[PDB]
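In what follows, a single structure is set out as C-alpha cells and then discussed.
None of the figures in this text is laboratory data; all of them are computed from the coordinates on show. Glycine also receives a Cβ, built like all others from the backbone with ideal geometry; neighbour counts cover every protein chain displayed.
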Amino acid sequence: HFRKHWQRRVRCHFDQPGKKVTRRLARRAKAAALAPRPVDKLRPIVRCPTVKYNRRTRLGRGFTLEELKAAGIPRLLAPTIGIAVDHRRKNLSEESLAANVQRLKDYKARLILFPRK
Amino acid sequence: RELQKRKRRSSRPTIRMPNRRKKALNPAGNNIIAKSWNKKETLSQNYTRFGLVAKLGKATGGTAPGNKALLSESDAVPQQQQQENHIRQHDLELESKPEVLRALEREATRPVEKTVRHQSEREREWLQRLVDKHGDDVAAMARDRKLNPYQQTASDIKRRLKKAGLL
Amino acid sequence: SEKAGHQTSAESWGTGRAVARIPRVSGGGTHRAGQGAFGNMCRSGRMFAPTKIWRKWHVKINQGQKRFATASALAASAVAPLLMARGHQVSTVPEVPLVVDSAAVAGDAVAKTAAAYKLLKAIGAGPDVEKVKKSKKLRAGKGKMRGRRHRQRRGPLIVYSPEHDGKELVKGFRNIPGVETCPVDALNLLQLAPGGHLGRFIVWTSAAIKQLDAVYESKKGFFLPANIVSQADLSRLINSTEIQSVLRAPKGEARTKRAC
Amino acid sequence: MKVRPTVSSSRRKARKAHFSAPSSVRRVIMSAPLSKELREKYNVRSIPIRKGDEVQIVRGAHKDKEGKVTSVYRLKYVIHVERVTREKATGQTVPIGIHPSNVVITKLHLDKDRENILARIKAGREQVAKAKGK
RNA sequence: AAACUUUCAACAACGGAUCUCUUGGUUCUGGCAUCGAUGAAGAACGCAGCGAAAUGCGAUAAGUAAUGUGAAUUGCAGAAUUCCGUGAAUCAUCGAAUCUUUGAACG
RNA sequence: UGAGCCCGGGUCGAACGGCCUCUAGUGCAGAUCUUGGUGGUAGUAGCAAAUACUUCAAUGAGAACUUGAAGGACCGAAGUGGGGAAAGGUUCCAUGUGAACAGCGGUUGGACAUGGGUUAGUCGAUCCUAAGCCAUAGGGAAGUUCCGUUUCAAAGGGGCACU
RNA sequence: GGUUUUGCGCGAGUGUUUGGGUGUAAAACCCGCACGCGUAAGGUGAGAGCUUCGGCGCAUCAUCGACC
RNA sequence: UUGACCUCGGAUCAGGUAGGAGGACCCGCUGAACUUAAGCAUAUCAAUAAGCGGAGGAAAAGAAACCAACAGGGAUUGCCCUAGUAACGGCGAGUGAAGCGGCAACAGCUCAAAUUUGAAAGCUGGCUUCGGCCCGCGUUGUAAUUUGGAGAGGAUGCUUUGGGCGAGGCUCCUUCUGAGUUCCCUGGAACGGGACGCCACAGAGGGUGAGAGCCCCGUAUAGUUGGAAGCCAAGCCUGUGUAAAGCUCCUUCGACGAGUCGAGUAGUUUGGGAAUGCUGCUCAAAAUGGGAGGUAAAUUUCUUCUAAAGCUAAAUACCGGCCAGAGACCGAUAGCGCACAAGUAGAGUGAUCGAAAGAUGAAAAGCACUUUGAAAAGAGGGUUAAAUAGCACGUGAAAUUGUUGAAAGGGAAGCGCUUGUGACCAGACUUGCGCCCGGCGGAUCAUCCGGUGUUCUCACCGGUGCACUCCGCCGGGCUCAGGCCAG
C-alpha cells in the first residue's frame, strides 16, 4: 500500500520524551501562575451516547444552567471560581440533574474562597 | 546553509541567546504558596504537602503511593436529599492538617473592611430639601414634581433617606 | 542526507561508445566533467541503500520479562561466587548481601564525599573502589573523537530507600568513580547485570531491605516466578538413597580395556 | 559531572573556543599560579599573567630559571621571560615561548586594578571558608 | 665472460595507500520569534604604513562615540603606559553616530 | 587442512589488543566497473609551405634563430606600407629575471617582477530626429502580466488689466 | 503488511511505553481508563506409559454415536 | 447677483500606507506525464510535481442551519485505536472515510436587525502657555444598551465598585568562591612508573613539550557584586457622580443576515446522485419559517439545529531565522559540491554546469659561516630527540624505475611431484632424579604439653625435645632417565 510517494510524508516520533517534558513543564507553568488554584476546571458527569457505551459515564464539557442554579452557584461567578459551564447541554432526566448537583455541593464543601481584594 | 557558512567565516561575534522563557516555572511573591514552594519537587509533590488538590479531572495513569493531589418524599423529587429564587452572586455563603492549608484557611477567614459608599454632596441636598418640605411622607415626596424631578418611587426615596440617616 | 550524490546533472553517453554505461557529468571545463556519478561504485556517488531515520532503533520488551530479568539479577547478586566471576573484589567484606545500617547513611552523614568514601572503606567495599580508580585508561578507536574518551570498571551499587534515607546520600557517592546509586523502588537491569553479565556487588541499607518485599508485592500482573526445578544440586539428587537403590548394576567403567 | 544544560562537554566545541578566543578571554587562560609566600599574604591562588611580573619557571628545559616577564604574546599563548633566550643560526637571540602554566609568580606588578583583582578573589575565598567552617 | 631479458634481496626513486589526528559534515532534541521606502536581500567601487584574496568597514572607510575589563598589538617598522590610570587592546559588550553608486529603487 | 594467528629483525612515533555478548555502510580479479597513479609501444612516428642565407665585432656563463656593420635575396603603392572602426585591456616605455610558455635554443618576447606613461572651449561623446520600442488614458487576464500609443483623458502654452 | 520454524514470558488470557506519574532526565521504574487479537461431553479396536499381574489406559486414527 | 447641497477634479498640499526579499512549515488558485492494471476506455500515479498569488511564529479552523437515535453528546485542533470497516469501483488494478470511545489542550465572544430623542451623549485633525481652543466627519447614524439555550422595560430588595504611586519579588546577563607542581627513575619535555598526601554537591570537557581531579581555564552547590526590560505585588495617597453592575418578579414587549437557499443543466471532485463539495449559466423563494436526520408502522406524526455578517489563545506543523545541547553516525575517493581565499578556479551566448585541494617540528630553533658552481643547487659545518622531519616537509604500501649483490637463458615464460648443489636459518643439547660414604653449616627430627583454626580429626603457633634424628651446601662412588643418525 505504497502506491503514492510515502517517503516524503513519514513522521518519526523521536521527540516523544521531549514533548512529554515540555507538556509537564507547561503544567508546572500553570500552577506557577494559579498558585493555590487547581490547574484544571471542574467538569460534570455525563453518559456516553451510543447503546454500546451507555452503561458507562465520563466527563462532560461544562455544567448546565439548571443544575448550576439548583446547587446554589450563580452563572456569572461559576467560570470565575473554577467551574466549567455548558449552555448547549440539556438535562432531560432527573438522574443527570441529581448527579451533577451533588457533584457541585461536594465541590462547595471542599472550596476555600478568598476575599476579592 | 550559505548563511550559516557565511557566519562561520565572518569576524562578527555570535549572538548567544540567553535561555529566556515565556512562562515562569515557579511561584513567586510574598504569599503562602511562594514561601512554601520547593523548586526541586513536582507539581503533585508540592500540592500534596499543601493539602490541596491539583487536578479536578480523572486520573490518567498510576500515581505515587503518597500522592494526594490527583482526585418523607411525597412529591418524589430527587432534589429533596440535597438541600440544607434569588441567590448571592458575588460571593459564596460557604460554611492533623498541613501548615500551608491551615495558613490558607486563616487568610480566607480574616475579617476585612468594606469601604462603605457615601452619597454625593448634591444628593444629600436633594434629600434634605425633600425632608424639609414633606417631613416623613414618602408618598408625598414621590408625587412632588419640583423636588422629585426624576419621578422616583417612594420605596427608592425611603431607601436613600435611610442611608443618609434622615429617616 | 537524502540529497547526497543526487545534486548533480549526469547522463549516460550511450551504448556504441567504448566506455562503461554509467551516468557522466556534463560540462567540459572542470575535472568533474565526463566523470561517473549516481552509482555506489562511483567516487562522490550515492551510497547503496542510504541509511534512513526510520530504522526501529528501540525495542519493545514485555514488562513480565523485564521484571523476571531484574529478579534474576537480584538473586545472582546474593551469590558470592558470581560476584567474583564478574570481577568484583569481594574478599574483605562479610555477608555478600551487604546491608549497612540506615543510621550511618541517612542525612548529612554521607552527603560529604569524604564521609561516603570512609564508609565504603569500613564496610569492606574498599578494594572494589580503587579497582575502578586504577583501571581508567583511554578507549581504543574513534569513540575518542565522538565523546567517549575513557572507560573503567564498575564499582559497588548503593541501593537506598528515598523516603527513609533521604535522597541526600546520592550527592556523597556521586563523585567516586565506579560507585553508582539507585533507589530501591526503581531498580535498573542495566545497572544490575552490566554487559549482560550477572553478579553485581550491591551494598544495601537496612531500610531498603524492608522495602524490597513491598515493592515486589505491589507490581501488578507479576508474581515471583516458580522455577521448573526444586533442587538445583544434582549431586544430591543422583547420589540420593532413593535413586541409587533402584538403579541397575554398572555395565562398565569410565575407561574400557580394548580387546583386540 | 556537568549538570547545567548550558555547559557542553564536546571536544570539538572546546577546542574551537580555546583556539578562537578573543584577546580578553585569552588573558584569563594565560593565568599563572602565585608563589607560596604570596598565597599566605593575599589568600589568592592564581592570577592572570601580565608584563611587569617576575616569574620562576618550574616546567620545561629551563629548570629553575628566574626572570621578569617581557611580553605576553596572547596570539600563541606564550610569555617571554627575560634572559630565557636561544640563539638563531646568525647568533641573534630570540625569546623562548614559555606557557604560564609552567611558571610561578614570585613578585607581582602592583597597581590599583590588580589590588582590586586580588581583593575580589580573597573575598570569595574567605566567604566560603567561613561558610564551610560554620 | 660481458651486454641484454627475467627472479629475489638491500638501498634510492615514482606515487600517495595504510595507521594516527580533526576549529568539518550529517542526524536527533530543546528554548525563542527578529528583514524591507527610517530604503531590505543582491550587485559594484573605494578604505590598512607596508595587502592580492578571504574578512571588516564606507570619504568619520581593517573604522567613530558609549560601557566593561584592565596593560597590550605583533610579520616588520613607528608610536605607547608613567602603572598608582577616564586607560593599551586586530579586546569584549553595545542603547549613540557616519553610512559612496545601484538594487522593490523613486527628478 | 584452510581462511588465518603468533613471534624475530628494520622503520616509526601515540595510541591499541585478548575474552564473551551487542551492532553493521563488514570480506573482490573480473562489472568495455569509479577515482588516482604508473607501464610496453619508444628516445620510435614525428618537429610541414611561405626560394636564402653568409662574414667580422659587441653583450653574455652559454649565441644558427640578440645586437651593430657589410654582403646576397624579397614585399613592389590592388605592399611583407603608414592609419583608423569593431574587439581586446595595459599587451605601450624603462630596468631586472630566466621557474614555467613561445612542440630546437635564447642573453630575445604580447612571458615573469618592479616603476612610469594617456594633459582639449575648437578632435569624438555630450544636442536632434530616423526605421522602430516603452510609459501614461483606458480595456482584458486567476495571476505572473497582455493589448492599447491618441484613445468619447478636466492632459499644453501665452497675454491683458490704474485694485 | 502477511507467513513458517526455533528460543523466552504469561497463559483463557495477553499487550506498560497514545497518554499520565517519578527520575541521578531521550535511559530506568510505575499504571487509571479504553482499545487490538483470542476465549466465554459416550460405545468399540488399536495405541505411549503404569500394574497390586487381575487389569488401568495419554495423544492420535478407524467405526457407531450424541448435540448445535 | 449671491449662497448652500451633490458629484467630480488639482496641488512637490498635512500626515500615512503598499510594492521587494524569505517561502522549512501555512492559506488559496492552477495543474501534468512517466509508471501500475485491465480486450479497449474509465481508473492509478494524484486532487501530487512544475507554475501563480497571500501570511505568521505558528498559520488555518473554531464557538453547531453539528453528532446522534442515546439513560445521550455539546466550538476548534492533534495522537491512539475505529480501520483497511462503511461506501464507490469489470464490487479489476484498486480507492477508501466518519460517529462513538481513551487521551493532550481548553475560553469565550462582537455586530446588523430598536428612537438617546428630556438634549451626537461619538470621533479624525492642528494651535497651544499642555490648562485648553477652534477645523471638520457624521443624523443616508458616530456613542451607551441587546445578540435567540437570549434580551428589553418597569417594580422590588439585597449584593458589587473606580484611578495614581509603589518597597520588594520572579526571569536573564555579570564579579568571586577546593585540592601536590613533595621525593626518586626513564625521557628533549612527565601529563608515564614507584612512594608519600590532599580536595571532592566539583573524577564533564579542554590546554599545558607524552595518559593531569589537586599547573591553568572551566566543572558542583549555595550564596554574593552590578545591570537590563517585562510582569507580579505588601502597602500608601485618593475617590462621588442621586455614577455604574448582578439577580428576582411580571395584568407590557421580544426586532435574528436574499441573486441567498432551492429547481434545471455543464465541468470538476469525493468513499459518498438523499448530487460528497465547489464553480458557471437559466429560472428564482419562505415566515407556527428554514436545514439535516430518524421512521412500513398509516402519515409523511418524531428528533435535532438555526445558513447566507465577524473576532478569538492552547494542545498541532516546521529541511527556513537567533541560539543551545547531544550521537553504538562519517573520518579527507568518506562526511554536504565545499574540513582549505568553494558555489571559488574553470566551461557555456545564455539558462545553467561545476571541481581539485588538510597533517614539518613541543618550539622556526626554517640551516649562521666556509667552499664549488653563471645560477639553480651541491658539499662541509650547524639547529633539533630525530633532517631516516629541510616547507616537493607526520607515517610513506603497490604498480613502475636506477644502482649494487646472487643466479638462469639453443624458437616463450610461469605451475605439480622428487632428489641434488649453493646461500641462509628455527629447534634440540649444555644435565636432572635417586641411593651409599665423608667434611660441614644450622634446630621448623619423632614425642609430649598449652593456645588457636578447622573438614571434629586433621593442622598451625609457643615450649620441651640442645644431636645414630631433621634441613641446605660441598667432595667422591653408583643407578636410572636424558638429543641426532645408525648397526
Among residues of segment A:45-72 being of a type in the set (S, T, N, Q) and surrounded by 13 or more Cβ atoms within 10 Å (Cβ to Cβ), the residue nearest to the other protein chains (Cβ to nearest Cβ) is A:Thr57
Look through segment B:56-91, keep the residues that are surrounded by fewer than 12 Cβ atoms within 10 Å (Cβ to Cβ) and small (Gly, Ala, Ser), and return whichever of them is farthest from RNA strand H (Cβ to nearest atom).
B:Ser72
Hey, can you tell me all the residues within segment B:30-44 that are more than 8 Å from chain A (Cβ to nearest Cβ), in a loop (DSSP other than H, G, I, E, B) and under 23 Å from the mean Cα position of the chain (by Cα)?
B:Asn30
Please go through segment C:27-45 and give me each residue that is within 16 Å of RNA strand E (Cβ to nearest atom) and surrounded by 15 or more Cβ atoms within 10 Å (Cβ to Cβ), ordered by number.
C:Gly45
Within segment C:24-52, restricting to residues that are more than 10 Å from RNA strand H (Cβ to nearest atom) and within 14 Å of another protein chain (Cβ to nearest Cβ), the one that is nearest to A:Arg8 (Cα to Cα) is C:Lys52
Restricting segment B:45-55 to residues that are under 16 Å from A:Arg27 (Cα atoms) and surrounded by fewer than 20 Cβ atoms within 10 Å (Cβ to Cβ), the one farthest from the other protein chains (Cβ to nearest Cβ) turns out to be B:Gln45
Just a yes or no: is a residue in segment C:190-203 surrounded by fewer than 17 Cβ atoms within 10 Å (Cβ to Cβ), part of a loop (DSSP other than H, G, I, E, B), within 14 Å of chain D (Cβ to nearest Cβ) and within 16 Å of RNA strand H (Cβ to nearest atom)?
no
Out of the residues in segment C:124-170 that are farther than 19 Å from C:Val203 by Cβ, within 12 Å of another protein chain (Cβ to nearest Cβ) and part of a loop (DSSP other than H, G, I, E, B), which is farthest from RNA strand H (Cβ to nearest atom)?
C:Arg148
Looking only at segment A:69-117, which residues are in a loop (DSSP other than H, G, I, E, B), touching a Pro at 6+ places or on another chain (Cβ under 9 Å) and within 23 Å of B:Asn85 (Cβ to Cβ)?
A:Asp86, A:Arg89
Within segment D:35-76, the count of residues that are touching a helix residue (DSSP H, G or I) at 6+ places or on another chain (Cβ under 7 Å) and either more than 10 Å from RNA strand E (Cβ to nearest atom) or within 14 Å of chain B (Cβ to nearest Cβ) (or both) comes to 8
Residue in segment B:89-107 that is farthest from B:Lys68 (Cα to Cα), counting only those that are in a helix (DSSP H, G or I) and more than 10 Å from chain A (Cβ to nearest Cβ)
B:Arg106
